[PDB]
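*Asks:* Numbering-wise (the UniProt record's numbering), the sequence shown opens with residue 3 and increments by one.
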Amino acid sequence: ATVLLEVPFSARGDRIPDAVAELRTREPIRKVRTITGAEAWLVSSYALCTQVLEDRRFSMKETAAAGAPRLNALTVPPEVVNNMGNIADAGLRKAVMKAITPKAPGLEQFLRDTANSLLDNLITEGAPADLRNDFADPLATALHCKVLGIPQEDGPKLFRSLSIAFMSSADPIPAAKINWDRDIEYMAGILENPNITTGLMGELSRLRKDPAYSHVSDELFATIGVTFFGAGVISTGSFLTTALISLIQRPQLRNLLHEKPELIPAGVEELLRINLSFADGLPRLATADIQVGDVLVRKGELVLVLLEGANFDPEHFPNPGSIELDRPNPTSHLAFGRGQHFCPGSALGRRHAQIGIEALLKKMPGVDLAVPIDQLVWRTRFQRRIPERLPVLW
Ligand code: HEM
Ligand SMILES: C[C@@H]1NC(=O)[C@H](Cc2ccc(O)cc2)NC1=O
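(1) Nearest to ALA75 by alpha carbon, out of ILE250, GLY128, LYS100, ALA178?
(2) Per DSSP, which one or two residues make a beta bridge with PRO389?
(3) What residue range is occupied by the uninterrupted alpha helix (DSSP H) comprising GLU41?
(4) Cβ of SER279 versus every heavy atom of ligand 2: is any distance shorter than 7 angstroms?
(5) Let me check understanding here. Comparing Cα to Cα, which of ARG391, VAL394, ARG386 lies closest to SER170?
(6) Helix, strand or coil: which one does DSSP assign to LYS33?
(7) Any idea which residues DSSP pairs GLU8 with across the strands?
(8) According to DSSP, simplified to helix, strand and coil, what is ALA214?
(9) Cα-Cα, which of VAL369, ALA312, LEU222, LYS365 is closest to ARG95?
(10) Excluding sequence positions up to five away, which residues of its chain have a Cβ less than 7 angstroms from the Cβ of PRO10?
(11) Given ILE89, which residues of its chain have a CB within under 8 angstroms of its CB, disregarding the five upstream and five downstream residues?
(12) Any residue with its C-beta under 5 angstroms from a non-hydrogen atom of ligand 2 counts. Can you list them all in chain order?
(13) Between which two residues does the alpha helix (DSSP H) containing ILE292 stretch?
(14) Hey, is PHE161 close to ligand 1, as in C-beta under 7 angstroms from one of its heavy atoms?
(15) Tell me whether the beta-carbon of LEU309 lies closer than 8 angstroms to the beta-carbon of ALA337.
(16) Name the two residues that bound the continuous alpha helix (DSSP H) containing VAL149.
(17) Taking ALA67 as the reference, which of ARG58, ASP57, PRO79, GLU56 has the closest Cα?
(18) Would you identify the three-state DSSP class for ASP16, choosing helix, strand or coil?
(19) Between the segment 111-129 and the segment 355-371, do at least 3 Cβ pairs fall closer than 8 angstroms?
(20) Helix, strand or coil: how does DSSP classify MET99 here?
(21) Between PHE168 and the rest of its own chain, which residues show a CB-CB distance below 8 angstroms, the 5 nearest in sequence each way excluded?
(22) Is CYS51 near ligand 1, going by C-beta to nearest heavy atom under 7 angstroms?
(23) What are the boundary residues of the beta strand (DSSP E) that includes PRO285?
(24) Using the Cβ count rule (16 or more neighbours within 10 Å means buried), how would you classify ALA144?
(25) In the DSSP assignment, find the beta strand (DSSP E) that holds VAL305 and state where it starts and stops.
(26) Measuring only the C-alpha atoms, how far is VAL379 from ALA92?
(27) What's the C-alpha gap between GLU326 and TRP43?
(28) Go through the segment 334-368 residue by residue and report every complete run of the alpha helix (DSSP H) that reaches 4 residues or more, in order.
(29) Could you please give the first and the last residue of the uninterrupted beta strand (DSSP E) stretch that includes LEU298?
(30) Based on Cα-Cα distance, which residue from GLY302, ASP296, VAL297, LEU284 lies nearest to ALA290?
(31) Thinking just about the alpha-carbon of each residue, which of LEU193, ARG28, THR36 is nearest to the one in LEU6?
(32) How long is the line joining the alpha carbons of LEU287 and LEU304, rounded to whole angstroms?
(33) In angstroms with no decimal places, state the Cα-to-Cα distance between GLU127 and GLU41.
(34) Buried or exposed: where does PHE344 fall if 16 or more other Cβ atoms within 10 Å of its Cβ makes it buried?
(35) Any heavy atom of ligand 1 closer than 7 angstroms to the beta-carbon of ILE102?
(36) Evaluate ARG162 with the Cβ neighbour count: other Cβ atoms within 10 Å of its Cβ, from every protein chain shown; 16 or more gives buried, anything less gives exposed.
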């Protein structure tokens, strides 16, 4: 006798487990057990993942309901799960979207200058260099401080809450509340600070005193700051780190992108498609009885949308494990989700990776792992798959 198949399958972000394709072919919708002991429906084909993400009756908001089957414990107050919904209801969607665009004056130049400075520092110190701790993560942090309009010196401390804030835990985390309350207080102080007049916090600070937003709570304004910093920094830092691994393991692609940097945007779209950065399926709670393939999902049940299931589906992306720069459907992947909850920072996430990669190939064209790939230490019980250190030589 064996127990029900458990999720996640592996914390390794450098290879996709053989189990994914086997599930996708035989049972693209099947029952699994999460770390909390709850049962869930794991969805692994492109067709079914898109069906679930395009149907609002599979609710993100309802995953926070008391007594619901859970993928993991909340690291934020339950109302924060409905973050975008709260921003939309406050009439703040357009303002937040405009503040997080990579097209702001001098922002891409700031990204290039920051990427170049970080790399020059690594070259001066000499090999081995750690590309996560000393390149990808400081670059993500520096970008988000600039986008938020907060001092660059405040970035490292806000960053330090992240190894706990984005844990995928079976039980509540006391440290997550300590850090959350402290970071909310920091953001409340930013709103009241007269020096903060640019970026997202500068804009929220002015909307806060505008009569058309007088009834929006100060709780929501601080929340926007903490959530966009956290989600953006963890997502861009983790994606860039694992995209660099995908690139290092493909010297032919690395040489082509160095020779023809105009192909970098098409390269990043493929790096996004094959990315294993999300450690768990995206969770949704059924608010009705809905047919998904061969299964009638019952109201109150948890559904997990496996992004790599969709992104490595041979029926949508032929030869899925291969990076191909001339696919007819390049942006049709689910790396940024789909539907109601499509990533609001997708444009900024793309630009961060494109600039980071462009600067790396120019400064370190001979970049290679300084350790056998099996020596990378993969972070466990976390919302992202990331190596603790990324040792390289050049
Ligand atoms: C490579 C970069 C990124 C990747 C791969 C990524 C991926 C995702 C994915 C897949 C979702 C959907 C989650 C779901 O439907 O359950 C999501 C949502 C979100 N992302 Fe991104 N993201 C990235 C960068 C960013 C950036 C730069 C920001 C902000 C500055 C950001 C802010 C958010 C927020 C706030 C949501 C929640 C949307 C909602 O609840 O409706 N992301 N992201
Ligand atoms: C996903 C949902 N929306 C949010 O904005 C925050 C912040 C967030 C955004 C994207 C993530 O991958 C994680 C958290 N919390 C939530 O529970």
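C-beta: ideal position from N, C-alpha, C; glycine also.
*Replies:* In short:
(1) Position 73 of the sequence shown, counting from 1, holds the residue named residue 75. Closest by alpha carbon: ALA178.
(2) Position 387 of the sequence shown, counted from the start, is the residue given in the question as residue 389. According to DSSP, which records beta bridges pairwise, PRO389 is partnered with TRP380.
(3) Residue mapping note: residue 41 aligns to position 39 of the sequence shown, counting from 1. It is not in any alpha helix (DSSP H) - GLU41 instead sits in the beta strand (DSSP E) that spans 41-45.
(4) For this step, residue 279 is matched to residue 277 along the sequence shown. No; taking the cut-off as 7 angstroms, the Cβ of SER279 has no heavy atom of ligand 2 nearer than that.
(5) As a first step, residue 170 must be located in the sequence shown, where it is residue number 168. Among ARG391, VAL394, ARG386, the Cα nearest to that of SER170 belongs to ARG386.
(6) Counting from one through the sequence shown, the residue named residue 33 turns up at place 31. Strand at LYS33.
(7) As a first step, residue 8 is located in the sequence shown; it is residue number 6 there, counting from the start. Beta-bridge pairing links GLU8 to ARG35.
(8) Along the sequence shown, one-based indexing puts residue 214 at 212. The answer is helix: DSSP assigns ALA214 an H, G or I state.
(9) Position 93 of the sequence shown holds residue 95. When each option's Cα is compared against that of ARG95, the closest is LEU222.
(10) The count along the sequence shown starts at 1 and reaches residue 10 at position 8. For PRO10, where only same-chain residues beyond five positions count, the Cβ hits under 7 angstroms are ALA281, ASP282.
(11) Counted from its first residue, the sequence shown places residue 89 at position 87. Excluding positions up to five away in sequence, the list reads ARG95, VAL98, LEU222, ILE226.
(12) Those residues, listed in chain order, are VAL83, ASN85, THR229, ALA233.
(13) Here residue 292 refers to the residue found at position 290 of the sequence shown. Run containing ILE292: none in the alpha helix (DSSP H); it sits in the beta strand (DSSP E), 292-294.
(14) Your numbering for residue 161 matches position 159 in the sequence shown. No - ligand 1 has no heavy atom lying nearer than 7 angstroms to the Cβ of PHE161.
(15) Translated into the one-based positions of the sequence shown, residue 309 becomes position 307. Translated into the one-based positions of the sequence shown, residue 337 becomes position 335. In this structure, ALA337 lies closer than 8 angstroms to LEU309 by Cβ.
(16) For the purposes of this step, residue 149 is taken as the residue at position 147 of the sequence shown. Taken as a continuous stretch (DSSP letters only), the alpha helix (DSSP H) holding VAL149 covers 139-150.
(17) Walking along the sequence shown from the start, residue 67 turns up at place 65. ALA67 has its Cα closest to that of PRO79, out of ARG58, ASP57, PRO79, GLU56.
(18) Stepping through the sequence shown from its first residue, residue 16 is reached at position 14. Looking at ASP16 - three-state DSSP - the assignment turns out to be coil, as it is neither helix nor strand.
(19) yes
(20) Taking the first residue of the sequence shown as 1, we reach residue 99 at position 97. DSSP places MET99 in helix when its eight states are reduced to three.
(21) Here residue 168 refers to the residue found at position 166 when the sequence shown is read from its first residue. For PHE168, where only same-chain residues beyond five positions count, the Cβ hits under 8 angstroms are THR77, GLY232, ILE236, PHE384, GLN385, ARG386.
(22) Translated into the one-based positions of the sequence shown, residue 51 becomes position 49. No, the Cβ of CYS51 stays beyond 7 angstroms of every heavy atom of ligand 1.
(23) Walking along the sequence shown from the start, residue 285 turns up at place 283. Segment 284-288, the beta strand (DSSP E) holding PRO285.
(24) Position 142 of the sequence shown, counting from 1, holds the residue named residue 144. Buried: at least 16 other Cβ atoms inside 10 Å.
(25) If you number the sequence shown from 1, residue 305 lands on position 303. Run containing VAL305: 304-307, per the beta strand (DSSP E) assignment.
(26) Counting from 1 along the sequence shown, the entry for residue 379 is found at position 377. Counting from 1 along the sequence shown, the entry for residue 92 is found at position 90. Cα to Cα, the separation comes out at about 42 angstroms.
(27) Counted from its first residue, the sequence shown places residue 326 at position 324. Counted from its first residue, the sequence shown places residue 43 at position 41. In a straight line, the C-alpha of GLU326 is about 31 angstroms away from that of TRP43.
(28) 348-365
(29) Here residue 298 corresponds to residue number 296 of the sequence shown, with the count starting at 1. Here the beta strand (DSSP E) through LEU298 covers 297-299.
(30) Counting from one through the sequence shown, the residue named residue 290 turns up at place 288. For the residues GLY302, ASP296, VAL297, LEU284, the minimum Cα distance to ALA290 belongs to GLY302.
(31) Along the sequence shown, read from residue 1 onward, the residue named residue 6 stands at position 4. Answer by Cα proximity: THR36.
(32) Mapped onto the sequence shown, residue 287 falls at position 285. Mapped onto the sequence shown, residue 304 falls at position 302. Using only the alpha carbons, I get a separation of about 5 angstroms.
(33) Here residue 127 refers to the residue found at position 125 when the sequence shown is read from its first residue. Here residue 41 refers to the residue found at position 39 when the sequence shown is read from its first residue. Cα-Cα distance, rounded: 50 angstroms.
(34) Here residue 344 corresponds to residue number 342 of the sequence shown, with the count starting at 1. When all chains shown are included, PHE344 counts as exposed.
(35) The count along the sequence shown starts at 1 and reaches residue 102 at position 100. Checking every heavy atom of ligand 1 against the Cβ of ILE102, one is found closer than 7 angstroms.
(36) In the sequence shown, the residue the question calls residue 162 occupies position 160. Per the 10 Å Cβ criterion, exposed.
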